[PDB]
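[1] This one's a deposited entry, sequence included:
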Amino acid sequence: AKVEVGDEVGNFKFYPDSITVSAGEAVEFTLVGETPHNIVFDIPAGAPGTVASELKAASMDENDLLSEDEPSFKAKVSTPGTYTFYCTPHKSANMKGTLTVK
Ligand SMILES: [Cu+2]
């Protein structure tokens, strides 16, 4: 699967903001435009340790941004379920998405 992170206009959005993948299918997040963004998964309180580890590995560091230098990030989630992710800098601005794993 591919997800666009941002746009050329400067909106704080993922495109699309909902996507469905097969277990183990990578999601490639690639920056569009000049505004830096990242992607980090929410870790539900409640999630098993294995799922928490998967989600952390599928997350950028919050000291890390995609740029024209480093344009993309690839995440792989194995556990079937629905997950929410956000952009660290624009989290308050509601820059978020959902991932469904079949
Ligand atoms: Cu952002």
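    Okay, I see it. Residues are numbered from 1 along each chain as shown.
[2] So for residue 24, what's the nearest residue that isn't a sequence neighbour?
    Of all residues not flanking residue 24 in the chain, residue 78 sits nearest, at 5.6 Å (Cβ to Cβ, 6 or more residues apart in numbering). Every C-beta, even on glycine, is put in place using the N, C-alpha and C of the backbone.
[3] I'd like the distance from that neighbour to residue 17, if you could.
    Remark: distance between residue 78 and residue 17 (Cβ to Cβ, to the nearest Å) = 22 Å.
[4] the strands in the chain, which residues?
    2-5, 14-15, 18-21, 26-31, 40-41, 72-76, 81-86, 96-101 (DSSP state E).
[5] re earlier: what sits against the residue nearest to residue 24?
    23-24, 54, 101 (Cβ atoms under 8 Å, 6 or more residues apart in numbering).
[6] out of the residues you listed, who has the most neighbours?
    Neighbour counts for the contacts of residue 78 peak at residue 54, which has 22 neighbours (criterion: other Cβ atoms under 10 Å).
[7] give the contact list for it.
    Counted by Cβ under 8 Å, 6+ apart, residue 54 has contacts 77-79.
[8] What is the nearest of the residues you listed to the ion?
    Nearest to the ion out of these is residue 77 (Cβ to the ion; 20.4 Å).
[9] so how far is the ion from the spatially most central residue of the chain?
    The chain has residue 39 as the residue nearest its centroid, 3.8 Å off, counting by Cα atoms, centre = their mean. From residue 39 across to the ion, the span is 9 Å (Cβ to the ion, to the nearest Å).
[10] what do you get for residue 34?
    12 Å.
[11] is it true that that residue touches residue 71?
    No: contact criterion Cβ atoms under 8 Å: residue 34 and residue 71 do not qualify, at 11.7 Å.
[12] re the thing from before, highest mean neighbour count across the strands of the chain, which stretch is it?
    Mean neighbours per residue, mean count of other Cβ atoms under 10 Å, is largest over these for strand 40-41, with a mean of 20.
[13] residues in contact with that one?
    For strand 40-41, contacts defined as Cβ under 8 Å, 6+ apart pick out 55-56, 58-60, 62, 75, 77, 83-88, 99.
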